[PDB]
């Protein structure tokens, strides 16, 4: 492209373009570049325009969100960026601006950015079984997700970060409610429940029914959260090692502290391949299959990579197993 060279935090035209697509390489970029991307999304989606978001607050706020993500192997700022960027992608892929109000898009995007704030890197089962302060604070009800959500609104309450400061109270209340529903909906304990409620509505789906649309937004955020395997293989694959890093940290600690261990986080019973095959076949494909009933373009862009990944992990397993047929 360009006749001179610019700082990396000035995103190039090529990057801006690439950012609209689920093929975007989320590993290329350092945090301040990711922060620029998130900023751009808010401008590009018309959210700054339509909600009078002070552009410097938008930046202060993102910087502050960034500060409140922790350096976990998986549940970190980059993960949050994936989730937000996949939501961005979904807005274009599925022409969500035809279907949803700008308020709904604000909710989706802001929920996506905030959905894992201050995650400690051990899940709700650890919290509850260890009787941690969070588990006690929230009475064993989606403690992490309640916490993410609370931290979100603590941040937004600081005046210099309050991107909603020019939205009237009714709008604030509408956004707040939406975000709480959506962030809480990311608790995988509720996956089967949420999927069932959705499928029920899908029997006769209605874009002007608020309840249908809440459930769609819940499915949308859930899709984005667990979307890593939708991405190109070279981009998706590193995330699995991060996931297991975090799972193994937790399951080791559980063993050490006499707490119950989950077999799907058990160092002894788990490889990349076995982790991903079940998850792809039984969580991701089905979810995206139903989304596709509403948005057919999803099949080609997102079900296909999932099929390809499923098949590759199946191959890899064949060879992992062989490899342990030496040994043991």
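Positions refer to the first chain, counted from 1.
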Task: Segment of higher mean CA temperature factor, 133-141 or 196-204 - done: 196-204
TODO: Mind pulling up the entry and telling me whether 256-264 or 51-59 has the higher mean Cα temperature factor?
DONE: 256-264
TODO: Sort the modelled residues of this chain by their C-alpha B factor and say whether residue 175 lands in the lowest, middle or highest third.
DONE: middle
TODO: For residue 235, return the chain-relative third of its C-alpha B-factor as stated in the PDB record: lowest, middle or highest.
DONE: highest
Open item on the list: Among the modelled residues of this chain, does the Cα B factor of residue 281 put it in the lowest, middle or highest third?
Closed with: middle
TODO: Using the B-factors in the PDB entry, rank residue 293's C-alpha atom against the chain and give the third, lowest, middle or highest.
DONE: highest
Open item on the list: Please say which third, lowest, middle or highest, residue 26 falls into when its CA temperature factor is compared across its chain.
Closed with: middle
